[PDB]
Amino acid sequence: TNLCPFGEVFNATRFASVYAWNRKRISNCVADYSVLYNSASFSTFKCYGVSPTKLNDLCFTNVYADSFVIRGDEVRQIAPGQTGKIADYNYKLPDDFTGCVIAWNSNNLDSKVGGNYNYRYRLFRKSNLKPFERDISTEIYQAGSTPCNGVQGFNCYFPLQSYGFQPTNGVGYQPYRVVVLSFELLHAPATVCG
Amino acid sequence: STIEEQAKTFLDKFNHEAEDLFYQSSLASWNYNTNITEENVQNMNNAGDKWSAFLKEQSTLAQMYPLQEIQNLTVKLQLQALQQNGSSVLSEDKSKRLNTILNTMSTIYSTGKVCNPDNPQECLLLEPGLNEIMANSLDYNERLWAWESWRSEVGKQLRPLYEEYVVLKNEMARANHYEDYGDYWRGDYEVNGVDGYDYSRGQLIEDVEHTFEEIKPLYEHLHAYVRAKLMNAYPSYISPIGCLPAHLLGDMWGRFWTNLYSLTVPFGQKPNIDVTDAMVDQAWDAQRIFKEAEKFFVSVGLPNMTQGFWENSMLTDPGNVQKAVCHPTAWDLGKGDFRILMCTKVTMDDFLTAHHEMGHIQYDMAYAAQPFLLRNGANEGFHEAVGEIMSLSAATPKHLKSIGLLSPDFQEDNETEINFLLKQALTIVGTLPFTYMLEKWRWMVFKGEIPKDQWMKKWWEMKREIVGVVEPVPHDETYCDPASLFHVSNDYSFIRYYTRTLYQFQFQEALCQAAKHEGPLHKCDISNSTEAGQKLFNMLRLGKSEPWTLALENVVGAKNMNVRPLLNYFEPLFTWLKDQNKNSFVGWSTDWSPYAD
Ligand SMILES: *[C@@H]1O[C@H](CO)[C@@H](O)[C@H](O)[C@H]1NC(C)=O
Ligand SMILES: *[C@@H]1O[C@H](CO)[C@@H](O)[C@H](O)[C@H]1NC(C)=O
Ligand SMILES: *[C@@H]1O[C@H](CO)[C@@H](O)[C@H](O)[C@H]1NC(C)=O
Ligand SMILES: *[C@@H]1O[C@H](CO)[C@@H](O)[C@H](O)[C@H]1NC(C)=O
Ligand SMILES: *[C@@H]1O[C@H](CO)[C@@H](O)[C@H](O)[C@H]1NC(C)=O
Ligand SMILES: [Zn+2]
């Protein structure tokens, strides 16, 4: 007799940076997805592999809530079969991804005068991220064959870069808090339904 | 693995580090311009040095990566503008001497005042004081008083400073592997790396000298008419077969002849087109003005203003609370932020200027997707020219009747078009010989073809021959006349204003032909035509990422800069002037001077 706590996922005051992107397991509850869709407070709400009217009545054993903060024009990089910095080097959805994507405008909160530098993203990595992989390593990127030895310099870069958010930025720039929901069916019985 | 991978990695690191600092530096200048306080000065000083030290720090690392081993052109162009080290190549001692002379001439220009001998306690600056006297005064001596006094005081101060300025800028370009410093300004039009589009730095001089030969048939008859009309107002002080006096040209330097339109108007009894009295009765304000301007760029297909634009932009003078500079400037701060700073008054001129400052914004929003170093005009003359073709669209009687400003029954005829073109002929055509003259003078000074003692001697030989303007009083070698001008002493290359003219009419003939216009070009309007906007938007988004010779071929269908649209635009005027000038002498001789009797 409990509602799935999406209240603390969406209305939380602080999310993770895109490399720090936080996973929260949701199970043994009953979720109402209609209040999400019928709210009409969300800028971009899209589902893949399942219709929003179908998932209202249906039963999935595992629901993962992946929340993070990215730039407006980079929201379209979250989807199956996409490229770019956020897709390859930060957060990667598989091509078979069955979940939904939620984005709303955070400009009234995250961005502050003079910029908020605590939100960061990984600009360089030696290879592309395999689906659903969190790598928090701060290790210096190596561009050439010159040994870095953990100090910046010529052809050695620090991979974590921060997004400046100033409330006066253009709308595409302005921060969106993206929450990616994943859905699977496994050998365990489904405790979550409509 | 190769230098190519390292370069793409460096230039990616450089882009995301630049947006943060460059936005800081521009926003600080914004808070300086809108609100002028001593507190905002340090904010602009700190944010200005942080960006100055950033490009100075990156240029040291950028020269490591040789341009020889990179086949990719778009990557190769990004390092090209980045690896040029500018003034840093000079020694640390001469480095401060350069900025000192630059900062000294800037203060002498702004704080330079003239003082009458009659009452030495009262004095006048150039702006507004001398600029208003030259325009509105019909007296010969009063116009001469402001002409001689301004170049007398300011000319003596800037000349010993300018002679050292020439030696300093040369040793900068000679270490950059340029033949002179004049080549460094011409290096903006340089194009290499593409077969058949290569455009050499020196080809510009051969091309400009060629394009200016065909304007003389238009300008000489434009001069013969102005000399004929002002001759009645100054019978003794203007010779009919001689050059015009310098101070009778309508302002201080004779740059714009617009001020002569009052006396030189072809037809006095025909009503002039002005939307001023129509707007006041309709009681429009600054809000509705740009909404009509935003409505314009939607009709051609270009995207409209952002929501954050109207909120963050200051479109009017915010009363007496804070002082601000009213010089219109289109600000691109990066990160999708775009702002227009203007002091809004109700006039036909501001509405025509409204499209201009918004024209740049339409151009900046187009290439905003390009990487940072590639964000700019394709050349230094397109960015200003794109804003000019928009003002030409709002000045046509068709567009003014579209939004309801001018009465629908306004009756066009032969006498209305000639009156309108001559205003555009004074501004657009009148400034071409002066611009080509100023650039040709600098280019011979920096190259070394003119010894230091012949500067003032060679100057007024170019005044008389090229532009047909003679000095009212002779100047010895103690005065420097050109140094008193804004662009001369402020270190800004002035060739921009010549090219934007040749480009704006090519766009005008290319875009109107895409709109399937019928009849003369000066009646054209690009409103409601989606074909014109799409053809123009192809260049707008490219920026400098492609050579300007390639991007120009898309819009106008031509690889070379040509004046043929210009003579086609004024063709109605040129046919009318030849009939009016049959009884007047065409041409001028350089032997006559007002001080030789
Ligand atoms: C967040 O708070 C608002 C305000 O009451 C509420 O309408 C919304 O449902 C909350 N979020 C969730 C996921 O319930
Ligand atoms: C302008 O700046 C001054 C001091 O820097 C400040 O007192 C004033 O409030 C500012 N004006 C506005 C409109 O912010
Ligand atoms: C140069 O590199 C950019 C980005 O890596 C790429 O988009 C472009 O196609 C490349 N140009 C050539 C000629 O390979
Ligand atoms: C600008 O255009 C978009 C779509 O073309 C529209 O949604 C928006 O309302 C327009 N701006 C204004 C202020 O109406
Ligand atoms: C453009 O089209 C609109 C709507 O048809 C019309 O009101 C306006 O007068 C037109 N403007 C021109 C210049 O044709
Ligand atoms: Zn402009």
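Quick note: numbers on chain A are straight from Swiss-Prot, i.e. 333-526, in order.
Even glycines carry a Cβ here, placed using N, Cα and C.
Residues annotated as disulfide bond in Swiss-Prot: A:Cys336-A:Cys361 (among others). A simple way to gauge crowding: the CB of A:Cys361 (disulfide bond) has 15 other CB atoms within 10 angstroms, across all the protein chains here.
The N-linked glycosylation site annotation in Swiss-Prot covers A:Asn343. Other C-beta atoms found within 10 angstroms of the C-beta of A:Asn343 (N-linked glycosylation site) number 7, with every protein chain shown included. A coil conformation is recorded for A:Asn343 (N-linked glycosylation site) in the three-state DSSP classification, outside any helix or strand.
Packing around A:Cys379 (disulfide bond) is summarised by its Cβ count: 19 other Cβ atoms lie within 10 angstroms of its Cβ, all protein chains included. Residues or ranges marked as disulfide bond in Swiss-Prot (evidence: experimental evidence): A:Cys379-A:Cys432 (among others).
If you look up Swiss-Prot, you'll see A:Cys391-A:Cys525 (among others) marked as disulfide bond, on the strength of experimental evidence. The Cβ of A:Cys525 (disulfide bond) has A:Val362, A:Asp389, A:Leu390, A:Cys391 as same-chain neighbours under 8 Å, each 6 or more residues away in sequence.
Note: A:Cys488 (disulfide bond) has non-local neighbours A:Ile472, A:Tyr473, A:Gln474, A:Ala475, A:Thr478, A:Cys480, i.e. same-chain residues 6+ apart with C-beta under 8 A of its own C-beta. For A:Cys480-A:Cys488 (among others), the entry in Swiss-Prot reads disulfide bond, with the evidence type experimental evidence.
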Among A:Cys336, A:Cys391, A:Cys432, A:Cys480 [disulfide-bonded residues], residue with fewest other Cβ within 10 Å:
A:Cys391
Under a threshold of 6 Å between Cβ and any atom of ligand 2, which of the disulfide-bonded residues A:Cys361, A:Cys379, A:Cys391, A:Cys480, A:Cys488 are retained?
none
Entries of A:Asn343, A:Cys432, A:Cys525 (recorded positions) sitting next to ligand 1, with Cβ under 6 Å as the cut-off:
A:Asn343
Mapped DSSP class for A:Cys361 (disulfide bond), helix or strand or coil:
coil
Measuring Cα to Cα, tell me the gap between A:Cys336 (disulfide bond) and A:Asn343 (N-linked glycosylation site) in whole angstrom.
14
